[PDB]
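Here are the chains, one letter per residue:
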Protein chains: 2
Amino acid sequence: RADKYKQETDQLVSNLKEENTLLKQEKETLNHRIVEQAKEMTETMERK
Amino acid sequence: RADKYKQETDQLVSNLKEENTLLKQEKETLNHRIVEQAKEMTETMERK
């Protein structure tokens, strides 16, 4: 019982941690895209 | 030891699930913010 519980819990925890890290990276990339789009689009504003 | 491992890993699994769901929701809302901001600055294009 202990061995099976340890194995399945470890697998679930590792997968969930990987998913959380991926979600954090995606959010950071979205924020960077926000900044880049705002800057470039304001530059186009000024150019036009 | 099996019981203590079970408790710790159940807490970890619950926290990881909640964090994953919250981060996915935050990423989706961030993308919605991206779309809304892009629309707002396009509208500023036509208005200005």
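Residues numbered from 1 in each chain as written, not as in the entry; some residues may be left out. Chains lettered and ligands numbered in written order. Part of a larger assembly, values for the part shown. Heavy atoms only, no water.

Naming follows the PDB entry, where chain A appears as Unconventional myosin-Va of Mus musculus.

Novice: Is there a simple way to explain the environment of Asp10(A) in this structure?
Specialist: Relative to the helices and strands, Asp10(A) resides in helix α1 (residues 2–47). For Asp10(A), a relative accessible area of 39% gives the class partly exposed. Sequence separation between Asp10(A) and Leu30(A) is 20 residues; the distance between their C-alpha atoms is 30 Å. One polar contact links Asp10(A) to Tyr5(B), side chain to side chain, over a distance of 2.4 Å. (Helix = DSSP H or I, 4+ residues; strand = E, 2+ residues; numbered from the N terminus. Buried < 20%, exposed > 50% of the residue type's maximum accessible area, 1.4 Å probe, protein only. Polar contact = N/O pair within 3.5 Å; in protein donor to acceptor, adjacent residues only side chain to side chain.)

Novice: I tried to follow the pattern of salt bridges on my own but got confused; where do I start?
Specialist: Should the charged atoms of two oppositely charged side chains come close, the side chains can pair. Scanning the model with the defined rule gives 5 salt bridges over all chains in all. Between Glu26(B) and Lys27(A) there is a salt bridge, with the nearest N and O atoms lying 2.4 Å from each other. A residue pair is termed interchain when its members come from two chains, as with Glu26(B) in helix α1 (residues 2–47) and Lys27(A) in helix α1. A relative accessible area of 18% means that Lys27(A) is categorised as buried. Linked by salt bridges that have partners in common, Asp3(A), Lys6(A) and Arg1(B) make up one network. (Salt bridge = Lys/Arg side-chain N within 4 Å of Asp/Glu carboxyl O.)

Novice: Is there a simple way to explain the relation of the copies chain A and chain B in this structure?
Specialist: Two copies of the chain are present, and they differ by a rotation about an axis and a shift along that axis. After a rotation of 178° and a shift along the axis of 0.2 Å, chain A superposes on chain B with an RMSD of 0.8 Å. On this basis, the relationship between the two copies can be described by a two-fold rotation axis. When the interface residues of chain A are mapped onto chain B, 88% of them are again interface residues, pointing to one common binding face. (Least-squares fit on C-alpha atoms. Contact = heavy atoms within 4.5 Å.)

Novice: Just checking my understanding: could you explain the interface of chain A and chain B for this structure?
Specialist: Contacts between the two partners involve 25 residues from chain A, matched on the other side by 25 residues from chain B. Of the roughly 2200 Å² buried between chain A and chain B, counting both surfaces, carbon and sulfur atoms make up 71%. Counting every contact that joins chain A to chain B gives 2 salt bridges. Among the salt bridges present, the one from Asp3(A) reaches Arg1(B), with a minimum N-O distance of 3.9 Å. Here chain A is connected to chain B by 7 residue pairs in polar contact. Among the residues forming the side of chain A that touches chain B, the class breakdown is 10 nonpolar, 5 polar and 10 charged. (Buried area = accessible area lost by both parts, 1.4 Å probe. Nonpolar A, V, L, I, M, F, W, Y, C, P; charged D, E, K, R; others polar.)

Novice: Looking at this structure, I do not really get α1(B). What am I missing?
Specialist: Owing to its 3.6 residues per turn, the α-helix aligns residues three or four sequence positions apart on the same side. Relative to the 68 Å expected for 46 residues at 1.5 Å per residue, α1(B) spans 66 Å between its end C-alpha atoms, a close match to the ideal helical length. Among the residues of α1(B), those classed as buried are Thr9(B), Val13(B), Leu16(B), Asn20(B), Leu23(B), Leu30(B), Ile34(B) and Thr44(B). In this structure, the buried residues of α1(B) make contact with α1 of chain A. (Expected span 1.5 Å × (residues − 1).)

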